[PDB]
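The block underneath contains the structure these notes are about, expressed in structure tokens.
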Amino acid sequence: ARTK
Amino acid sequence: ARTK
Amino acid sequence: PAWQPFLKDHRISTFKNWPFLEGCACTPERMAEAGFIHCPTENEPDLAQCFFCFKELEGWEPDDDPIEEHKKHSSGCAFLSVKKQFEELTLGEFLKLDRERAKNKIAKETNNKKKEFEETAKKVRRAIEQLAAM
Amino acid sequence: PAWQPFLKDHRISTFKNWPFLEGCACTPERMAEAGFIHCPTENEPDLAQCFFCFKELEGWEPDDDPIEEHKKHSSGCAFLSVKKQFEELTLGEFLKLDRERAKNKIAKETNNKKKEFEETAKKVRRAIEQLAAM
Ligand SMILES: [Zn+2]
Ligand SMILES: [Zn+2]
């Protein structure tokens, strides 16, 4: 998963 | 010491 | 929260006009250590209450050890068996102590209600006893 | 209190319409275990936030391990070093964790403010660069  |  | 009474420093603060100071065994520090809060009234100016079992004691003498008095008058109070400092309690332990405090406050109100009712029942019983005589 | 987010069960409850269910590595139980709350928006329907360090992650894949993702993206989060269960924490430990959470929420707002300001400063700098050309 990845940052806002 | 003593009770109420 | 008002989990403040579990803090010894909060308890010590209640003894603002407690009369027994340095030189005495039942000093505010010692009283607070034993679990007492100062609850003064007019008929009882040295009235003190355990925050945890709610036993109320008065007529303190200088030589009274608050722990020993608490044990003598309310031997089953769980606070007396807390050997850790507050911050060292686990949350589970703290929550269980707080449930036990609540159970204690129900035994206290229940007890005061019983006492009040019995005072009345005696008077009533006395009156009816006189009528039953004929 | 709203110390509720420290409870895993409260965290699990936030994933009401989280789409990744049984069969997947990033299930609500695993996400909640890792410290995440489900914070869905429209642009990001799988948006999840650590309750403790406030890192926000999206674009989850089925094979993602939430603990590993949390470590990769926010390696200094103190929640990751809590080895005890909540009820086993001491009060002192709990209070210290709660202070550290508050410090984390100040690093987060500060960070969002910096980002917003820099977005603006770039645009402004660009404009003035054009004027300075003559
Ligand atoms: Zn007691
Ligand atoms: Zn975190």
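Note on naming: chains are A, B, ... as they come in the structure tokens, residues start from 1 per chain, ligands start from 1 in the order shown.
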Nearby polymer residues, ligand 1, at most 10 Å, only C-alpha atoms and all ligand atoms, as a list in words: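 The distance check yields residues 34, 35, 36, 49, 50, 51, 52, 53, 54, 55, 56, 67, 70, 71, 73, 74, 75, 76, 77, 78, 79, 80, 81, 101 and 104 of chain C.
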Keeping only C-alpha atoms, write those residues as a PDB file, in the first residue's frame.
```
ATOM      1  CA  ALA C  34      -4.332   4.871  53.923  1.00  0.00           C
ATOM      2  CA  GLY C  35      -7.052   5.889  51.418  1.00  0.00           C
ATOM      3  CA  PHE C  36      -8.878   8.628  53.355  1.00  0.00           C
ATOM      4  CA  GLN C  49     -13.913   8.626  54.467  1.00  0.00           C
ATOM      5  CA  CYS C  50     -12.061   5.864  52.558  1.00  0.00           C
ATOM      6  CA  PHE C  51     -12.447   6.742  48.882  1.00  0.00           C
ATOM      7  CA  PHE C  52     -12.638   3.085  48.027  1.00  0.00           C
ATOM      8  CA  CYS C  53     -14.837   1.225  50.606  1.00  0.00           C
ATOM      9  CA  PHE C  54     -16.536   4.369  51.849  1.00  0.00           C
ATOM     10  CA  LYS C  55     -16.096   3.623  55.535  1.00  0.00           C
ATOM     11  CA  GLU C  56     -16.492   6.847  57.547  1.00  0.00           C
ATOM     12  CA  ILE C  67      -3.701   2.137  58.191  1.00  0.00           C
ATOM     13  CA  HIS C  70      -8.680   1.343  58.358  1.00  0.00           C
ATOM     14  CA  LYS C  71      -7.836  -2.318  58.830  1.00  0.00           C
ATOM     15  CA  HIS C  73     -12.874  -0.846  60.936  1.00  0.00           C
ATOM     16  CA  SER C  74     -12.957  -2.088  57.361  1.00  0.00           C
ATOM     17  CA  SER C  75     -10.831  -5.185  57.117  1.00  0.00           C
ATOM     18  CA  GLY C  76     -12.114  -6.318  53.689  1.00  0.00           C
ATOM     19  CA  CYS C  77     -11.335  -3.049  51.792  1.00  0.00           C
ATOM     20  CA  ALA C  78      -9.453  -4.105  48.613  1.00  0.00           C
ATOM     21  CA  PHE C  79      -7.474  -0.815  48.680  1.00  0.00           C
ATOM     22  CA  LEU C  80      -5.591  -2.137  51.661  1.00  0.00           C
ATOM     23  CA  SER C  81      -4.290  -5.006  49.478  1.00  0.00           C
ATOM     24  CA  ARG C 101     -15.192   0.470  44.148  1.00  0.00           C
ATOM     25  CA  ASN C 104     -18.565  -0.923  47.409  1.00  0.00           C
TER      26      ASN C 104
END
```
Would you write out, as a Markdown table, a table of all residues in chain C that have an atom no more than 9 Å from an atom of chain D, listing for each the closest atom pair and the distance in Å to one decimal, considering only C-alpha atoms and ordering rows by chain and rising residue number?
```
| residue | atom | partner | partner_atom | distance |
| --- | --- | --- | --- | --- |
| C:1 | CA | D:1 | CA | 8.9 |
| C:86 | CA | D:91 | CA | 7.4 |
| C:87 | CA | D:92 | CA | 4.7 |
| C:88 | CA | D:90 | CA | 5.4 |
| C:89 | CA | D:90 | CA | 5.4 |
| C:90 | CA | D:90 | CA | 4.1 |
| C:91 | CA | D:87 | CA | 4.8 |
| C:92 | CA | D:87 | CA | 4.7 |
| C:93 | CA | D:87 | CA | 8.0 |
| C:94 | CA | D:91 | CA | 8.2 |
| C:95 | CA | D:87 | CA | 8.9 |
```
Save out the residues we just selected, N, CA, C and O atoms, as a PDB file, in the first residue's frame.
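Generated output (out.pdb):
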```pdb
ATOM      1  N   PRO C   1      -9.980  12.129  34.441  1.00  0.00           N
ATOM      2  CA  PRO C   1     -11.355  11.877  34.918  1.00  0.00           C
ATOM      3  C   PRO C   1     -11.484  12.084  36.460  1.00  0.00           C
ATOM      4  O   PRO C   1     -10.554  12.639  37.060  1.00  0.00           O
ATOM      5  N   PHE C  86       0.024   3.610  42.070  1.00  0.00           N
ATOM      6  CA  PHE C  86      -1.036   3.779  41.077  1.00  0.00           C
ATOM      7  C   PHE C  86      -0.525   3.572  39.641  1.00  0.00           C
ATOM      8  O   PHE C  86      -1.124   2.849  38.861  1.00  0.00           O
ATOM      9  N   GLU C  87       0.551   4.262  39.289  1.00  0.00           N
ATOM     10  CA  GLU C  87       1.074   4.187  37.939  1.00  0.00           C
ATOM     11  C   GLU C  87       1.561   2.809  37.565  1.00  0.00           C
ATOM     12  O   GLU C  87       1.753   2.562  36.392  1.00  0.00           O
ATOM     13  N   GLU C  88       1.795   1.922  38.549  1.00  0.00           N
ATOM     14  CA  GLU C  88       2.320   0.598  38.292  1.00  0.00           C
ATOM     15  C   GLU C  88       1.184  -0.381  38.098  1.00  0.00           C
ATOM     16  O   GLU C  88       1.422  -1.470  37.664  1.00  0.00           O
ATOM     17  N   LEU C  89      -0.039  -0.017  38.473  1.00  0.00           N
ATOM     18  CA  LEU C  89      -1.180  -0.881  38.188  1.00  0.00           C
ATOM     19  C   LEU C  89      -1.332  -1.147  36.693  1.00  0.00           C
ATOM     20  O   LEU C  89      -1.177  -0.177  35.952  1.00  0.00           O
ATOM     21  N   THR C  90      -1.732  -2.330  36.280  1.00  0.00           N
ATOM     22  CA  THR C  90      -2.115  -2.485  34.894  1.00  0.00           C
ATOM     23  C   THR C  90      -3.487  -1.949  34.675  1.00  0.00           C
ATOM     24  O   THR C  90      -4.260  -1.702  35.631  1.00  0.00           O
ATOM     25  N   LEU C  91      -3.787  -1.695  33.410  1.00  0.00           N
ATOM     26  CA  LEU C  91      -5.150  -1.201  33.114  1.00  0.00           C
ATOM     27  C   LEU C  91      -6.215  -2.177  33.544  1.00  0.00           C
ATOM     28  O   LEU C  91      -7.244  -1.754  34.086  1.00  0.00           O
ATOM     29  N   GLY C  92      -6.046  -3.440  33.261  1.00  0.00           N
ATOM     30  CA  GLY C  92      -6.968  -4.518  33.699  1.00  0.00           C
ATOM     31  C   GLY C  92      -7.158  -4.459  35.202  1.00  0.00           C
ATOM     32  O   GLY C  92      -8.273  -4.476  35.675  1.00  0.00           O
ATOM     33  N   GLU C  93      -6.071  -4.338  35.945  1.00  0.00           N
ATOM     34  CA  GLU C  93      -6.117  -4.227  37.407  1.00  0.00           C
ATOM     35  C   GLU C  93      -6.841  -2.953  37.841  1.00  0.00           C
ATOM     36  O   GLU C  93      -7.659  -2.965  38.766  1.00  0.00           O
ATOM     37  N   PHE C  94      -6.506  -1.840  37.204  1.00  0.00           N
ATOM     38  CA  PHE C  94      -7.199  -0.619  37.518  1.00  0.00           C
ATOM     39  C   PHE C  94      -8.717  -0.703  37.268  1.00  0.00           C
ATOM     40  O   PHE C  94      -9.497  -0.270  38.088  1.00  0.00           O
ATOM     41  N   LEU C  95      -9.116  -1.247  36.135  1.00  0.00           N
ATOM     42  CA  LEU C  95     -10.509  -1.393  35.812  1.00  0.00           C
ATOM     43  C   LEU C  95     -11.226  -2.300  36.824  1.00  0.00           C
ATOM     44  O   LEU C  95     -12.356  -2.026  37.224  1.00  0.00           O
TER      45      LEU C  95
END
```
One residue among D:133, D:23, D:8, D:37 is nearest to ligand 2 when using only C-alpha atoms and all ligand atoms, and that residue is D:37
Could you check how far CA of residue 39 in chain C sits from CA of residue 3 in chain B, in Å to one decimal?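 If I compute the distance from CA of residue 39 in chain C to CA of residue 3 in chain B, I get 13.4 Å.
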Counting only C-alpha atoms, chain D residues within 9 Å of chain A, as an mmCIF file with N, CA and C atoms, in the first residue's frame:
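Output saved as result25.cif:
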```cif
data_model
loop_
_atom_site.group_PDB
_atom_site.id
_atom_site.type_symbol
_atom_site.label_atom_id
_atom_site.label_comp_id
_atom_site.auth_asym_id
_atom_site.auth_seq_id
_atom_site.Cartn_x
_atom_site.Cartn_y
_atom_site.Cartn_z
ATOM 1 N N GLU D 44 -10.351 8.052 -2.399
ATOM 2 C CA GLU D 44 -9.623 6.961 -1.781
ATOM 3 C C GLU D 44 -10.538 6.117 -0.861
ATOM 4 N N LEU D 47 -8.893 4.148 2.030
ATOM 5 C CA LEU D 47 -7.995 4.917 2.887
ATOM 6 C C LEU D 47 -8.014 4.468 4.341
ATOM 7 N N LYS D 55 -0.179 8.092 10.135
ATOM 8 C CA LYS D 55 0.156 7.843 8.749
ATOM 9 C C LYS D 55 -1.088 7.263 8.019
ATOM 10 N N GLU D 56 -1.285 7.796 6.800
ATOM 11 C CA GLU D 56 -2.435 7.514 5.961
ATOM 12 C C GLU D 56 -1.988 6.727 4.721
ATOM 13 N N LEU D 57 -2.560 5.551 4.526
ATOM 14 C CA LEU D 57 -2.164 4.711 3.423
ATOM 15 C C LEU D 57 -3.363 4.239 2.653
ATOM 16 N N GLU D 58 -3.138 4.143 1.364
ATOM 17 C CA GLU D 58 -4.166 3.759 0.432
ATOM 18 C C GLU D 58 -3.519 2.926 -0.650
ATOM 19 N N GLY D 59 -4.360 2.470 -1.561
ATOM 20 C CA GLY D 59 -3.959 1.655 -2.685
ATOM 21 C C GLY D 59 -3.523 0.279 -2.240
ATOM 22 N N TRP D 60 -4.294 -0.313 -1.329
ATOM 23 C CA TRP D 60 -3.936 -1.603 -0.771
ATOM 24 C C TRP D 60 -4.075 -2.708 -1.783
ATOM 25 N N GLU D 61 -3.123 -3.643 -1.776
ATOM 26 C CA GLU D 61 -3.191 -4.873 -2.553
ATOM 27 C C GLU D 61 -3.526 -6.058 -1.627
ATOM 28 N N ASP D 64 -0.823 -7.483 0.722
ATOM 29 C CA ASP D 64 -0.190 -6.582 1.634
ATOM 30 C C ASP D 64 -0.376 -7.033 3.077
ATOM 31 N N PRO D 66 -0.412 -5.734 6.612
ATOM 32 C CA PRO D 66 -0.553 -4.436 7.271
ATOM 33 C C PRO D 66 0.561 -4.048 8.222
ATOM 34 N N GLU D 69 3.555 -3.165 5.919
ATOM 35 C CA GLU D 69 3.265 -1.832 5.338
ATOM 36 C C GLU D 69 3.434 -0.710 6.353
ATOM 37 N N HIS D 73 6.307 2.288 5.838
ATOM 38 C CA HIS D 73 5.862 3.663 5.669
ATOM 39 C C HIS D 73 5.997 4.501 6.917
#
```
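In this model, the gap between CA of residue 25 in chain C and CA of residue 65 in chain C comes to 5.7 Å.
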Quick check, in Å to one decimal: how far apart do CA of residue 45 in chain D and CA of residue 102 in chain D lie?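 Calculated distance between CA of residue 45 in chain D and CA of residue 102 in chain D is 26.5 Å.
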Alpha helix (DSSP H) per DSSP on the backbone: members of chain D, as a VMD selection string: chain D and resid 8 to 13 28 to 33 66 to 73 91 to 132
Using only C-alpha atoms and all ligand atoms: which of D:7, D:12, D:82, D:26 has the shortest distance to ligand 2: D:82
Which of range 45-101 of chain C counts as strand (DSSP E or B) under DSSP, as a list in words please?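 Of range 45-101 of chain C, only residues 48, 49, 50, 56, 57, 58 and 90 of chain C fall in strand (DSSP E or B).
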